[PDB]
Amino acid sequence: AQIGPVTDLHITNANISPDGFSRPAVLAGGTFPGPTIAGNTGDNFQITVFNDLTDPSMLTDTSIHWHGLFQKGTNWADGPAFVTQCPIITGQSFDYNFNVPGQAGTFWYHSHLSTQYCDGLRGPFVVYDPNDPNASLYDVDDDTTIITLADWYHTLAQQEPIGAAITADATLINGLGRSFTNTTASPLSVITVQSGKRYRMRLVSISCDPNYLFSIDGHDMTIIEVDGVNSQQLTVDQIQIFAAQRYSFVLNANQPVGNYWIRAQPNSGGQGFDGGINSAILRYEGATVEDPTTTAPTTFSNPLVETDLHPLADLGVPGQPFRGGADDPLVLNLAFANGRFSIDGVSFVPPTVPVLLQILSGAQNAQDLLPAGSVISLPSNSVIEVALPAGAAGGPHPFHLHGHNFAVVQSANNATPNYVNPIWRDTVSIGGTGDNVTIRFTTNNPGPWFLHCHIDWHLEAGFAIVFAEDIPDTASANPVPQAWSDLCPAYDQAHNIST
């Protein structure tokens, strides 16, 4: 069952074996992935998070981010540790009380403390639209049509060297899959469809690192949503999905009744499908209960290319139709050396006092804010352009901005910008050497918004900056509840920190 929009959510430690290998984890709602949190557009969500963690090897503090939800007027509820709050300590709880005006689509939630989400705290978050403009394109859209793609590690996250190329031990599809080494024939996930029906499949990358080449043997996929943004229909036979991205696609159950492989090939870790790694099963009602016998093609003739995507609504692009054609045009210098990433020469290390709390206490320019050199102020009611030229090791890097979606004016592997009708999204691959992936948005949401690579190992190694958007209006726009004001005193007391 789905939970929400008003619900408790307990965060616990437990042993799990999603690929046949037992390890302890950090779980929401007792499962991997966590339960789907759901509501309708414009609803009030009140997710009271109970921190019941006791195993220090995965951290006993926590904080949860609602990925892709704008949090307008509720910056304090966004979740990134030391940007918008101090962590929740064990034995305490915290009500994330916010609203979702003007958004409807496929989202997710995850820990936003250190690399803790890798240890299991990840789940889907769906905001349905009772008047969805795409409603007539499918018959079925429910918890059974969500497809999560996850990397899974046998080593605990706090034992992963910082700045290292860290590699997974299994791909999990809807929580199940097989290990790349010492492979055992542990259970695979089954997605069941009825011949003749059309399904809104909500594809969610909950990855900590790899991107996946996703396909379904015998089937194609008609994309209708990208990171919460409705798209024109685009039919493809393969989707390369980067960490934290989402797509809705229509699956037409129009092939013969039978069993078909679902494939998710990561860019690192096990290559291919031997022993049923990187796999799940699409089963038609009435098919024999047996593994598929289907083949992938040698090459995919209609793969997703990001520049083929266009919004369903006339969203356009803010600013003027040339590079630098914005009120505040930025170019970030994105680098890696010696185990640490940097942005504009500064490696991100979380501050002792969360950025939002520094601003509420009166610090009002970005040079007064800590960490020094890690906070860039943005002016209010302005068009922002951010060029993100690739080349830093460990690519391709999927960059994500909190508090906003953005027009993708230039995409990976294509030097031509699009100032007319590019897709809008919230997480974007910045591509490869020589690319100049560029995003635009307008500043109508006061508060500190994190910008970072969504490969969680890279964020931990410093690949982040904070956009302090409209510092002067942050306090008036974001009144804070007493329980939020209580978090840093409680956290610092528990950890013997002076502030």
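Numbering starts at 1 and follows the sequence shown. Rigid core here is just the name for the largest C-alpha set that superposes within 1.5 Å across the two forms.
Visitor: Which of the two stretches, 354-362 versus 156-164, has its Cα atoms farther on average from this form in 8 other deposited structures of this protein when everything is superposed by the rigid core?
Guide: The more displaced stretch in 8 other deposited structures of this protein turns out to be 156-164.
Visitor: Would you say which of 132-140 and 165-173 moves more relative to the shown form in 8 other deposited structures of this protein, going by RMS C-alpha distance with the core superposed?
Guide: So, of the two stretches, the farther one in 8 other deposited structures of this protein is 165-173.
Visitor: Give the stretch, out of 142-150 and 366-374, with the larger mean C-alpha temperature factor in the deposited entry.
Guide: Stretch with the higher mean C-alpha B-factor: 366-374.
Visitor: What stretch has the higher average Cα B-factor here, 295-303 or 314-322?
Guide: On average, C-alpha B-factors are higher across 295-303.
Visitor: Pick out which of 385, 290, 426, 78 has the highest C-alpha B-factor in the PDB entry.
Guide: Each of 385, 290, 426, 78 was compared by C-alpha B-factor; the highest is 290.
Visitor: Between 265, 71, 195, 411, let me know which has the highest C-alpha B-factor in the entry?
Guide: In the PDB entry, the greatest C-alpha B-factor among 265, 71, 195, 411 is found at 195.
Visitor: Sorting the chain's CA B-factors, does residue 57 end up in the lowest, middle or highest third?
Guide: Answer is middle: the recorded C-alpha B-factor places it there.
Visitor: Residue 191: which third of its chain by C-alpha temperature factor?
Guide: Middle third by C-alpha B-factor.
Visitor: Quick one: classify residue 474 as lowest, middle or highest third of the chain based on its Cα B-factor.
Guide: Its C-alpha B-factor, which the entry lists for residue 474, ranks in the middle third among residues of this chain.
Visitor: Mind checking which third residue 217 falls in for C-alpha B-factor across the chain?
Guide: Answer is middle: the recorded C-alpha B-factor places it there.
Visitor: By its CA B factor, does residue 182 count among the lowest, middle or highest third of the modelled residues in the chain?
Guide: As the PDB entry reports it, the C-alpha B-factor of residue 182 lands in the highest third of its chain.
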